[PDB]
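Next up: just one chain, as structure tokens, the form deposited without ligand MTX.
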């Protein structure tokens, strides 16, 4: 099975400020939807509670005993996530920061929406530049009426 991580990042890896993403870019959710639909998604407790429900069309897996949200798979490790996902090609790690940090070393792919934006931050996507990657693909998007920034989607594969 391929282990992938998916995130939206400003310049220099910023992903959070004061416990939220500090930008408007509704397009990221479209890209997120396309990249994740029909796949297992793996997320931290905080991330699941932020979303406030399991996402339809995906196997929702939460990393975390008594924690028993209705109809959601809970596991304690990434390896456990892989076992619970079964015989599929790819598992999608959707955050948050702690999960990203812990799983980077096991990631085959990164699905990154680079938002062209310099922002204050207190939380970063892990420094993946410490490893070697090829870009399988990219898509560049112009800012528009709803998305005030330019952004580029990139799929990196580990080498």
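By rigid core we mean the largest C-alpha set that fits within 1.5 Å across both forms. Numbering follows the first chain given and starts at 1.
Here the subject shifts to the form solved in complex with ligand MTX, a form of this protein not shown in this document.
Novice: For residue 55, is any heavy atom within 4.5 Å of ligand MTX in the deposited complex, or not?
Specialist: Flag for residue 55 set to yes.
Novice: Should residue 132 be classed as touching ligand MTX in the deposited complex when contacts are defined as heavy atoms within 4.5 Å?
Specialist: Flag for residue 132 set to no.
Novice: Consider residue 28 of the chain shown here, and say whether it contacts ligand MTX in the deposited complex, taking contact as heavy atoms within 4.5 Å.
Specialist: Residue-level check for residue 28: yes, a contact with ligand MTX.
Novice: Does any part of residue 94 reach within 4.5 Å of ligand MTX in the deposited complex? Heavy atoms only, please.
Specialist: Residue 94: yes, in contact with ligand MTX in the deposited complex.
Novice: Decide if the three candidate residues 4, 39 and 85 all line ligand MTX in the deposited complex, where lining means a heavy atom within 4.5 Å.
Specialist: No: none of 4, 39 and 85 comes within 4.5 Å of ligand MTX in the deposited complex.
Novice: Which of 135, 139, 144, 18 has its C-alpha displaced by 2 Å or more between the shown form and the other one after core superposition?
Specialist: Flagged residue: 18.
Novice: After core superposition, I'd like to know whether residue 121 moves between the shown form and the other one (criterion: C-alpha shift of 2 angstroms or more).
Specialist: Result for residue 121: yes, a 2 Å-plus shift.
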